[PDB]
Amino acid sequence: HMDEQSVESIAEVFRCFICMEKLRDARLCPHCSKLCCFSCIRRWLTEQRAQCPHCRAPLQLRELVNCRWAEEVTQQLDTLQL
Amino acid sequence: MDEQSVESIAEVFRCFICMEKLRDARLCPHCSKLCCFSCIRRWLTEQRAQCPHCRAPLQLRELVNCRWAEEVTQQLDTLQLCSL
Ligand SMILES: [Zn+2]
Ligand SMILES: [Zn+2]
Ligand SMILES: [Zn+2]
Ligand SMILES: [Zn+2]
């Protein structure tokens, strides 16, 4: 149950700041490194305000970083959560 | 716990340049590969100012500070210990 809680601690890092679900098409804020689903952060920047939902820095959709490995890490974490 | 699942994840969180665990992890905005701050800064000074992986123009400032990287590194360590 300790390997279990380590997995869960990692999974928590790779959850969307906005919807707190596991990340789909992860995007990372360049200024603070918080991760969001593409759709979530797109909707935020587009319907809420042009700033990072966590760090509040000005932010346009195109400054967002594609976290290319996120989907693999996320799938692996799924495998681990038996 | 699948050993290779864990190892796959650990590969992601090794420094592309020195292969060790990340120290003050930075991420290349263009390909999102991770490097120790010190390693990538040396690289950019010594080698062409290109990501050692994306090979794309990369300067010190475009570098993303991965604030959660240490946390993950620490947990990975515990996971790897759990070979027992
Ligand atoms: Zn931010
Ligand atoms: Zn989301
Ligand atoms: Zn390094
Ligand atoms: Zn790169």
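Atoms considered below: every heavy atom in the structure, side chains included; atoms not considered: hydrogens, waters and symmetry mates. The chains referred to below are lettered A, B, ... by the order of the sequence lines, with proteins before strands, and numbering in each begins at 1.
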For B:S5 and A:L80, indicate whether the former's side chain and the latter's backbone hold a donor-acceptor pair under 3.5 Å.
no
CZ (B:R23) and CD (B:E70) are apart, to the nearest 0.5 Å, by 12.0 Å
Could you grab the distance from atom SG of A:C40 to atom CE of A:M20, nearest 0.5 Å is fine?
11.0 Å
Shared hydrophobic cluster for A:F38 and A:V65 (ILVMFWY, side-chain gaps under 4.5 Å):
no
Neighbour count >12 (heavy atoms, 6.0 Å) for atom CE, A:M2:
no
How close do A:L59 and A:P30 get, heavy atom to heavy atom, and via which atoms?
CD1-CD, 3.5 Å
Under 3.5 Å, is there a donor-acceptor pair between the side chain of B:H30 and the main chain of B:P57?
yes
Less than 4.5 Å apart, any side-chain heavy atom of B:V6 and any of A:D3?
no
Under 3.5 Å, is there a donor-acceptor pair between the side chain of A:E72 and the main chain of A:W69?
no
Sole residue of A:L35, A:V73, A:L28 in side-chain contact (heavy atoms from CB on, under 4.5 Å) with A:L23:
A:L35
Let me confirm one number: the NE2-SG distance from B:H53 to B:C31, rounded to the nearest 0.5 Å.
5.5 Å
Locate the shortest heavy-atom distance separating A:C16 from A:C36; write the atom from each residue and the value.
SG-CA, 3.6 Å
In Å, rounded to the nearest 0.5 Å, how long is the span from NE2 of A:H1 to CD of A:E8?
10.0 Å
Pairwise side-chain contact, B:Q47 with B:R42, heavy-atom cut-off 4.5 Å (strictly under):
no
Test item: B:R67 side-chain N/O and B:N65 main-chain N/O as donor-acceptor pair under 3.5 Å:
no
For the residue pair B:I9 and B:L76, what are the closest heavy atoms and their distance?
CG2-CD1, 3.9 Å
Got a sec: does the CZ of A:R15 have more than 12 other heavy atoms crowding it under 6.0 Å?
yes
Could you tell me if the side chain of B:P52 sits less than 4.5 Å from the side chain of B:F16, heavy atoms only?
yes
When you check the side-chain N and O atoms of B:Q59 and B:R61, is any donor under 3.5 Å from an acceptor?
no
Do NZ/NE/NH1/NH2 and the carboxylate oxygens of B:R26 and B:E62 come within less than 4.0 Å?
no
Does CD belonging to B:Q74 count more than 12 external heavy atoms closer than 6.0 Å?
yes
Would you indicate whether the side-chain heavy atoms of B:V12 and A:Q76 approach each other to under 4.5 Å?
no
Does a side-chain heavy-atom distance below 4.5 Å link B:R55 with B:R48?
no
Could you measure the distance from the CD1 atom of A:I41 to the CG atom of A:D25? Nearest 0.5 Å is fine.
13.5 Å
Check whether A:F14 and B:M1 end up in the same hydrophobic cluster, where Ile, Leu, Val, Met, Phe, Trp and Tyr are linked by side-chain heavy atoms less than 4.5 Å apart.
yes
